[PDB]
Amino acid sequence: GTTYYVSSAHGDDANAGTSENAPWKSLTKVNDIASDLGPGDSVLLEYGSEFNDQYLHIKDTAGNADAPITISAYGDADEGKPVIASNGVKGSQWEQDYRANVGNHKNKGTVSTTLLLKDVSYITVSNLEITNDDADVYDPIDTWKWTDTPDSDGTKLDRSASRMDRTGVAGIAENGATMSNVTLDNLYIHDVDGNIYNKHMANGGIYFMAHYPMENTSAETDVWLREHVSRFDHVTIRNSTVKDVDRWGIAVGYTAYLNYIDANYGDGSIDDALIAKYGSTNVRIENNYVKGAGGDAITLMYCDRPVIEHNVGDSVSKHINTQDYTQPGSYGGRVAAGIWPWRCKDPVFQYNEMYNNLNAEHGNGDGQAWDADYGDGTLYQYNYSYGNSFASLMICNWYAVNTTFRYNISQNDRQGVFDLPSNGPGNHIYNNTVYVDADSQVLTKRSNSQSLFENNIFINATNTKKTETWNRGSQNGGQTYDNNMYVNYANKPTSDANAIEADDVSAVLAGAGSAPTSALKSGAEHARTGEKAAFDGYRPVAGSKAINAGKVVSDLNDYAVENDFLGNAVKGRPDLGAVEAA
């Protein structure tokens, strides 16, 4: 196929694209033929290019497995990624309509979008910087702090509830058919000043969503919509930084087809066929950095077996507070968690890091790193949480079930490591190493529900043998413990007749508490091995009453144990906590 070229300083729209010598000036000419691309076609923007009050929309087209369509950059990276900056002009705006009720949320209206991919399959977007900046909204995360008075620091927000929604990248399936093999690589999406409140408009750094193509008006429409489903397959977002956005950081899969998925909640478990038909399959979220979202960092919605891995979340829920979240209406949502799933089936979050989820002190009713929310089979394993304002993990309400949370490290997470408010049964916390300071404890004050702790290292990182509340409530069999190491505590649970008490954390681990306090400047995950390994602190020491003292464990939700936090194999007698020792 063909390849067109663009340069904001050269080009001249009266050119021809096709060759690097002869490019276009603006994206006007690219909008014009986007919809006629094109398996093996490509469009490329020269590093250093700055396209203001501009946008790229692209509708109803495809490559194929042989050859994707490709949107990207060309020649001498050390120039600046090419910047697309819509500034939410009229031309970026389109009319979003789920064409179905999807909860107490705005589900229809005008949305500004810098890069829209509306039913485009077999495409790959690359090495692009994307803004959707209001000049009249300024509140950067790098400099953010809590103030007695709103906007008293040279910052300014539009707290209007009817503020227009804005996306960096929106991905939209509304033809009653699969959108597939879409790929976002690199991308620096930042300063996307959307609506502070709206959870399910295309409002945030990157949002992928599905709509009914028609509103469901009759028996005959219902017959049709059951079998013709807008949905995603083989979506992959990776190596990207989403920073300073409102509201969501990265969201994929919210679908009008939840009117089918959530038809029979009861018991809480999610049928495979149902999620595969109506939901979104082969979703990968990979090696990204989310910093300073207004709300949640990363979320997978209505996804069949997604893979969320090697991502870094940092300092989100920036606008989830009483100063900024002033006009919630009847919608609520003054509430956010870090990296989590919503009505997914057997997802896997792994090798991720989550720092400093904000404002649980200032009106964020959540504030956790992780949230096994409604849905089934959630898997968190090999994740590090640090310094979050309210817990490492929540397991949320009646229809959150069958969670496994394992070989993870919580460090200085605050107001309790484990939040269990009325969650459903089947959850298994095991083999995690939790460092619990004087701002925290093991369980949140509001916990009252099921979990089964086994093979964990619970560490009292205060200056006194603590008498802890290990049990609040008895909903779905309350919290039961067996085979856990308790360090520097004055007690244990009345329900762990196989306890392993220890007295000093220095005789148990190499250097507890010394894991990182902030994401790396880059946004990358921390090294776990080699010169720069930043988790060595949590390796047991020669002679730890933690070596070989875990019982072999029958993961309640049929998940095969495989390796520890650091990834070395776990065979034989499992070493207590999340690390094994060479």
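Each residue number is its position in the shown sequence, starting from 1.
Stretch comparison (505 to 513 versus 328 to 336) by mean CA B-factor in the PDB entry places 505 to 513 on top. Comparing 389 to 397 with 68 to 76, the higher mean C-alpha B-factor in the PDB entry belongs to 68 to 76.
Considering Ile250, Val223, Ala360, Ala490 together, the PDB entry gives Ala490 the largest C-alpha B factor. Annotation for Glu468, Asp97, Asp437, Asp244: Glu468 ranks highest, by Cα B-factor. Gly478 sits in the highest third of its chain by CA B factor, as recorded in the PDB entry. Remark: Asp142 belongs to the lowest third of its chain, ranked by C-alpha B-factor as recorded. Among all modelled residues in this chain, the alpha-carbon of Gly205 has a temperature factor (C-alpha) in the lowest third. Among all modelled residues in this chain, the alpha-carbon of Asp191 has a temperature factor (C-alpha) in the lowest third. When all modelled residues of the chain are sorted by CA temperature factor, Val89 is found within the lowest third.
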